[PDB]
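Before any questions on binding or motion, here is one chain by itself as structure tokens, the form deposited in one PDB entry.
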């Protein structure tokens, strides 16, 4: 029995967090929840929720209402340097892209999210993109370690070293150096514009992608759009001290916040991702298979996935299907 700190978040968050916990219980997952709340105190997260995660090393997070962003703080607090996004086509939910199986691995501390801008003169602004040896090395080693540990064969570094020679070239140089150590994973490099160009044409030619902050920010949502959007897309932030927080990236959805209608898929699939990170492969698989089969059946689809059924119904059917192993 393992403890996970749960951050139910805002709007539809409490609901879908309730749905996930329920499905986990229906699956007899070795997981008990330590419900916390993050709200910025005058800037840091509440004292008694930081220690909660320092304890558990492992957390799950619903959508957070924003303005000081709550994600920025959590990132900085726990040094969450790797943002990981596995995008896989959902068989029950057809898009024009049916063969997507991609992992975007995003550097999450520096790059063009340096925080630093200056008004040089009136009507002339400078935004600093920041790249370092250490953070680039860190993310490269993470991407190859992830490749190895999740049965992956190709890693592609995405860059614009042609245009941003010093910054991106440095990022690229650390990837290339890590590549020499992990020869059992195949490595290539591709210009960002070429990745976009090919991605919308044939997503299957890519496997694992590693990149600096803005590129991966953009590219991770591109990939989400291939498989049905943010409402179905899992995400995890891996940090310092073996800490990880898995999250839904969709909106807070205030319009339908307490009137059922919310779709728990994305969070559930983040929770499945959490489970795999913890080594609980059997439970992850069952909950995943259950979620998938529910979507494919297409009876209890929520209003966003084109259905008419409410959150309660969608959750109930997942619960029902999981119990059959």
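Residue numbers count along the first chain shown, from 1. Here the rigid core means the biggest group of C-alpha atoms that line up within 1.5 Å when the two forms are laid on top of each other.
Enquirer: Please figure out whether residue 67 and residue 68 are truly consecutive in the deposited sequence or have unmodelled residues between them, and give none, 1 to 3, 4 to 9, or 10 or more.
Expert: Count of unmodelled residues in between: 4 to 9.
Enquirer: Count, per the entry, the deposited residues between residue 42 and residue 43 that are not modelled, and return the matching class: none, 1 to 3, 4 to 9, or 10 or more.
Expert: Unresolved stretch here: 4 to 9 residues.
Enquirer: Regarding 248 to 256 and 190 to 198, which shows the higher C-alpha temperature factor on average in the entry?
Expert: Comparing averages over the C-alpha atoms only gives 248 to 256.
Enquirer: Please work out which of 110 to 118 and 233 to 241 has the higher mean CA B-factor as recorded in the PDB entry.
Expert: For C-alpha atoms only, the mean B-factor is higher in 233 to 241.
Enquirer: Which has the highest CA B-factor per the PDB entry: 275, 60, 295, 261?
Expert: It is 261.
Enquirer: Among the candidates 133, 217, 180, 141, give the one with the maximum CA B-factor reported in the record.
Expert: Checking the PDB record, the top C-alpha B-factor among 133, 217, 180, 141 is at 180.
Enquirer: Select lowest, middle or highest to describe the third in which the CA B-factor of residue 173 falls within its chain in this entry.
Expert: It falls in the middle third of the chain.
Enquirer: So where's residue 101 on the chain's Cα temperature factor ranking, which third?
Expert: Tercile = lowest for this residue's CA B-factor.
Enquirer: Comparing against every modelled residue in the chain, figure out the third that the C-alpha B-factor of residue 221 lands in (lowest, middle or highest).
Expert: Lowest third of the chain for residue 221's C-alpha B-factor.
Enquirer: By the recorded C-alpha temperature factor, relative to the other modelled residues in its chain, which third is residue 129 in?
Expert: For residue 129, whose C-alpha B-factor we compare with every modelled residue in the chain, the answer is the lowest third.
Enquirer: For residue 185, return the chain-relative third of its C-alpha B-factor as stated in the PDB record: lowest, middle or highest.
Expert: It belongs to the highest third of the chain when residues are ordered by C-alpha B-factor.
Keep in mind the form deposited in another entry is missing from the figure; the text below concerns it.
Enquirer: When the rigid core of both forms is overlaid, which of 135, 164, 222, 100 is the one whose C-alpha moves 2 angstroms or more between the shown form and the other one?
Expert: The answer here is 164.
Enquirer: Rigid core superposed, CA of residue 88 - does it shift 2 Å or more between the shown form and the other one?
Expert: After core superposition, the C-alpha of residue 88 moves less than 2 Å between the shown form and the other one.
Enquirer: Taking the rigid core as the frame, does residue 177 move its C-alpha by 2 Å or more between the shown form and the other one?
Expert: No, its C-alpha moves less than 2 Å.
Enquirer: Once the core is aligned, does residue 256 move its Cα by at least 2 Å between the shown form and the other one?
Expert: Comparing the forms between the shown form and the other one, which are aligned on their rigid core, residue 256 does shift its C-alpha by 2 Å or more.
Enquirer: Please check whether, in that other deposited form, the CA atoms of residue 113 and residue 74 lie closer or farther apart than here, given a change of 3 Å or more.
Expert: Nearer in that other deposited form, by 3 Å or more.
Enquirer: Do residue 113 and residue 50 have their C-alpha atoms closer or farther apart in that other deposited form than here, with the shift being 3 angstroms or more?
Expert: Residue 113 and residue 50 sit closer together in that other deposited form.
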